[PDB]
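A.B. asks: Opening with a subset of the complex:
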Amino acid sequence: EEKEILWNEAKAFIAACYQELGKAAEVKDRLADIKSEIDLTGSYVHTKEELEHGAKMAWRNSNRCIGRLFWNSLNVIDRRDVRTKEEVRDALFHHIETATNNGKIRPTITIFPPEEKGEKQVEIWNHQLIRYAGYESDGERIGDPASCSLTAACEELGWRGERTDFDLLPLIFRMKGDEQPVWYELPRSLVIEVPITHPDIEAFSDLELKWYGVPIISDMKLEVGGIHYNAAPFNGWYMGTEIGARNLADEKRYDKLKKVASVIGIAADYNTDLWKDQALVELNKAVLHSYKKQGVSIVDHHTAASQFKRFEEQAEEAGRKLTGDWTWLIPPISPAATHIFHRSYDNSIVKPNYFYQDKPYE
């Protein structure tokens, strides 16, 4: 009766999907062909139209995402035809290149073959396609601590990092039938990076900070109508606070706040001086300034929250129930200066959606 889950989800997804596309008359013929298809083969195949709209629905349903205003303009690349490692690798390369778009990031998702009967066809190990290695031994911490386990796994497979603070991890993924993943160094010409400078404080460049242009989340499962697309990397553009308030500020990541305090010329001695708060603002100002100056898409949390308010209004005008996760939608800098903080949201889980899945490493 594992088959029955799939028939139930397909009924719910096709009905809602064809309704939004003005194809409601076709739902009944398409469901019959679907019902025959699972009886015979155990699964069914989405049309390009269903797959595209389902990926957009999944984004629209992501309770934790503040950028959902633009769900309908998601650029869906259908790569369910890939069978080899070189095709996986080149499709990932292509995703980076087309999503990057010389700095004007296009929200893009590349969709690989789904799980057949729980068996993955392609298993991506990267958390993001572009992200820095992290090392910790002999008391020395180098790079991004969030990447330490993946970096250790990559170096079991013959890869070796330069041990800078910004080593690019290679693409790492495993094919069905293979016992071990393969890895491929990223072509540096494809990866845009942004040096972090400050608009007013020339000494900020002494910190030698940088970040990559495009966050491409590559380890979540896209679930559309009972079909599990475990390999479906997607990207938007950064909200500035993700870099300035978390990646570069967490003690547990790059932990730069105390160095930021020094170069902006304030003491880091007393809690009552709010030096962490002041450093966070100047760092976050630097990130936004630096991405703008290089021509790489980014959004500040105020503009992002205004956009999300329009998403809330678009939802009701459309008759669609709104779902959201208050604890993730508030930004980590001045959350009470956004409207999100002052209302409530139903955190109900609606499908299609993106979901966590177990890491193939530890």
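C.D. replies: Looks like it came in fine. Numbers count the residues shown, from 1 in each chain, chains lettered A, B, ... in the order given.
A.B. asks: Spatially central, which residue of chain A would that be?
C.D. replies: Ranked by distance to the mean C-alpha position of chain A (C-alpha atoms, centre = their mean), the top residue is residue A:217 at 3.1 Å.
A.B. asks: how much space is there between that residue and residue A:95?
C.D. replies: For residue A:217, the distance to residue A:95 equals 11 Å [C-beta to C-beta, to the nearest Å]. Bear in mind the C-beta positions are built from the backbone N, C-alpha and C, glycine included.
A.B. asks: overlap in contacts of those two?
C.D. replies: The contact sets of residue A:217 and residue A:95 overlap at A:233, A:235 (C-beta atoms under 8 Å, 6 or more residues apart in numbering).
A.B. asks: quick one on the thing from earlier: thinking the residue nearest to the centre of chain A is in contact with residue A:232, fair?
C.D. replies: No. Counting by C-beta atoms under 8 Å, residue A:217 does not reach residue A:232; the two are 9.5 Å apart.
A.B. asks: mind listing the strands for the stretch 151-300 of chain A?
C.D. replies: Counting by DSSP state E, counting those that start in this stretch, the stretch 151-300 of chain A has strands at residues A:171-175, A:182-184, A:193-195, A:210-212, A:216-217, A:221-224, A:227-229, A:234-235, A:238-239, A:298-299.
A.B. asks: Just the helices from chain A, written as ranges.
C.D. replies: With DSSP state H applied, chain A shows helices at A:2-20, A:27-41, A:48-60, A:85-100, A:148-156, A:240-241, A:257-263, A:275-294, A:301-317, A:326-329, listed in chain order.
A.B. asks: Quick check: which of those is buried the most?
C.D. replies: The highest mean neighbour count among the helices of chain A, using mean count of other C-beta atoms under 10 Å, belongs to helix A:240-241: a mean of 26.
A.B. asks: ok, the closest residue to residue A:339 other than its chain neighbours to residue A:61 distance?
C.D. replies: Distances taken as C-beta to C-beta, 6 or more residues apart in numbering place residue A:309 nearest to residue A:339, at 5.6 Å, with adjacent residues excluded. In this structure, residue A:309 lies at 18 Å from residue A:61, with C-beta to C-beta as the measure.
A.B. asks: now for chain B, put it on the one above:
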Amino acid sequence: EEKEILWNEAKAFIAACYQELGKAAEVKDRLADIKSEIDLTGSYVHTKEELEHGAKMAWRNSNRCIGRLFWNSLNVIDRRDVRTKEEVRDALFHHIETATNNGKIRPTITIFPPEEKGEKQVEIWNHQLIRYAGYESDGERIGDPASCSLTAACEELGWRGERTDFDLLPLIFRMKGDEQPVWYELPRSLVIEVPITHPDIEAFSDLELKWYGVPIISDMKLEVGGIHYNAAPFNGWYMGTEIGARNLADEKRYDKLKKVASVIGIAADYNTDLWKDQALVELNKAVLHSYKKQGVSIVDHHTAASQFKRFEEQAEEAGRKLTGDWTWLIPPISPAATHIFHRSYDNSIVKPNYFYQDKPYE
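C.D. replies: One more piece, chain B, placed on the ones above:
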């Protein structure tokens, strides 16, 4: 069987309360006297010891409170003996004076007679004993908009505000048997106020901002062992962000951020400049600096979060389950710079506790 709720709550409260006080042998005799007392009279009376510890438990159980480390040092004033308006008024005056303590705020609660059989003995109308009036007519907004309905109610009763931005509301409460509340002007010698200056920026005084020293929450119901103390005003000291990030910053309160931006010499034109963020930090620095300089107790959100971490550790060392409301415990300035943001909390409701109750006005 309304009586049965009360017997059940008394069993749970007395058992837990006598256990913590090392009086576990006495629980059984005390419960018998209690059980006789409700059968005969319909209710029971707490000892000073039970009332004191129950008020402390209620504070320890307040999921939304970050200052719970100090729950056991709460100063409990037992005023269940009051019968007249003058005694209510003088006990409220006394609370202000003793909680203020010339600026070294003592966390204090004054406990008035409880509800008898749903009938309140004293009904306090103030949200806080000390707070500013708010006016809005003919497009003009004056004072604190949060106080507009209460201020309108006070002026129906013969009170008239000066229409400054910082009119002190009078004490306003109703006695059992009376159709209308009485009101009493606060003696200004009892109310400490703090002018807001900035440690570095002399022009900040041009804003002419101030706040009162002691927040004394006066409209919550203390529930201890089935006894409902609807009139039980309490105070701690402010966390700085309550004044700097909410009272003075909300568009919906004093809405000062745009004026703060001007006097600290930054433009308020572009979201990407993070001018709201920068103004929030300087305003919050000014509040902490001003309270310190005057000698009025206050805590910054970093120190407060460190204290709450000790509360978490004290809880487990004591074998007590910890409850908390993540959405209220994170501070509204740099929440991700505190440990609270990076963990989860069980928001379960445990009694004794403090609860909302309907306003007697609208």
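A.B. asks: ok, back up a step: which residues touch the residue nearest to the centre of chain A?
C.D. replies: Contact partners of residue A:217, counting by C-beta atoms under 8 Å, 6 or more residues apart in numbering or on different chains, are A:127-128, A:233-235.
A.B. asks: Just the closest of those to residue A:190, please.
C.D. replies: Of all the contacts of residue A:217, the one sitting nearest residue A:190 is residue A:235; the distance, using C-beta to C-beta, is 13.2 Å.
A.B. asks: residues near the closest one, how many?
C.D. replies: Other residues within reach of residue A:235, judged by other C-beta atoms under 10 Å in any protein chain shown, total 25.
A.B. asks: For it, which non-adjacent residue is closest in space?
C.D. replies: Counting by C-beta to C-beta, 6 or more residues apart in numbering or on different chains, residue A:216 is the residue found nearest to residue A:235 once chain neighbours are left out, at 4.1 Å.
A.B. asks: Tell me how many other residues surround that neighbour.
C.D. replies: Residue A:216 is surrounded by 24 other residues when neighbours are defined as other C-beta under 10 Å.
A.B. asks: check contacts around it.
C.D. replies: Contact partners of residue A:216, counting by C-beta under 8 Å, 6+ apart, are A:95-96, A:99, A:128-130, A:233-235.
A.B. asks: 6 Å instead, please
C.D. replies: Residues near residue A:216 by C-beta atoms under 6 Å, 6 or more residues apart in numbering or on different chains: A:128-129, A:233, A:235.
A.B. asks: Could you measure from it over to chain B?
C.D. replies: 23 Å (C-beta to the nearest C-beta, to the nearest Å).
A.B. asks: Contacts for stretch A:124-135 next, please.
C.D. replies: Counting by C-beta under 6 Å, 6+ apart, the neighbours of stretch A:124-135 from elsewhere in the structure are A:142-145, A:147-148, A:151, A:161, A:166-167, A:169, A:172-173, A:181, A:191, A:212, A:215-219, A:231, A:233, A:360.
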